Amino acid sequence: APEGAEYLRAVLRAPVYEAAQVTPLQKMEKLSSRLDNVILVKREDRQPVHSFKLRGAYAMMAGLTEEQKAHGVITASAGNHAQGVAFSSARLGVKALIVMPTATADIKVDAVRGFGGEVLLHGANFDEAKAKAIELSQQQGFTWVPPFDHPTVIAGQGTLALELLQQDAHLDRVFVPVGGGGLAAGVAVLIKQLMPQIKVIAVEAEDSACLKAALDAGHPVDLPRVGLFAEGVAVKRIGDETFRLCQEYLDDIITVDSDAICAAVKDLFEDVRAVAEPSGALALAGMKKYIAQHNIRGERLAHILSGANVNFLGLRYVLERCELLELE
């Protein structure tokens, strides 16, 4: 449980650039002209695993002891965290086992194996895959790699915000997607240590708003049901350490429905020619709603395209909603 000062030094020490790279901060030209603001996208889809999660996973796994590395790492994931851990394991020479639910698509399982990870199909949902991963952790001595709730993982995602401040120090507000809150905690703790004038706003899907629920209650709480449309942010309970940072450093939170998310997927395809996954377009959808609700004009605003690992046939849903939005 470090203070902001220690987090800043951990962000600097995190060796993310042995696996991840500095990603472009690109102006969205069509959307900037339309919304009377300078809107910039942090293109985390350009990482080797096509999401940001490589940063925190590699940071945590490089920081393990020689003993822990020799016994390998385990985790449970539906996709993006699995590719982060598989890729980091190949680079570090460490055995990695990823438990995924039995219903996981072959393309996702293949991607994890292609990056050098061992895959175990187990469980009817993510909760049963995580139970198997923790059980196997204690039984066979694998080290558990948490997808968000860990200071070294938060520091790793914080490298993203450090790049932002050097790529554009005149930023006014940064919009961050939230699942368990690893990324939001890293961005918010880093920015509040270096350039606290910049507003950090968390964005959540309406049917997956576990941080909003935790903020309302004043502590982490379980959601009764989590929507599955945005896979990456389908988290039932915000993390303990991530909530501590988010409750302390976030300036605001906003929620958006499936329609806004799909509109943002279309916006990013037309402005930067990338197909974001729904959780990758989430922060943009929040920013667009924030801009209208608060009548924001003349500012420099950034959102994180956090991932672009999309199911091809799953794009039918996104495109159908976009067609339905045209009819109105």
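Just count from 1 along the sequence shown to find any residue number.
key: Higher-B stretch (mean Cα B-factor, as the entry records it), 120 to 128 or 85 to 93   = For C-alpha atoms only, the mean B-factor is higher in 120 to 128.
request  = May I ask you to compare 225 to 233 and 247 to 255 by their mean CA B factor in the entry and name the higher one?
outcome  = Mean B over CA atoms: larger for 225 to 233.
key: Out of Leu25, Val318, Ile304, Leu313, highest CA B-factor residue   = Answer, based on the entry's C-alpha B-factors: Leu313.
request  = Using the temperature factors in the entry, find which of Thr102, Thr242, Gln167, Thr75 has the highest value at its Cα atom.
outcome  = Among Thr102, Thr242, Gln167, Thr75, the PDB entry lists the largest C-alpha B-factor for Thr102.
request  = Compare the C-alpha B factor of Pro147 with those of the other modelled residues in its chain, then answer lowest, middle or highest third.
outcome  = Middle third, going by the recorded CA B-factors of the chain.
request  = Could you say whether, by C-alpha temperature factor, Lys69 belongs to the lowest, middle or highest third of its chain?
outcome  = Its C-alpha B-factor belongs to the highest third of this chain's values.
request  = Relative to the other modelled residues of the same chain, rank the CA B-factor of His219 and answer lowest, middle or highest third.
outcome  = Its C-alpha B-factor, which the entry lists for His219, ranks in the middle third among residues of this chain.
B-factor third for the C-alpha atom of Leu40 within its chain = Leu40: CA B-factor falls in the lowest third of its chain.
Chain third (lowest, middle, highest) by recorded CA B-factor, residue given as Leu171 = For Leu171, the deposited C-alpha B-factor lands in the highest third.
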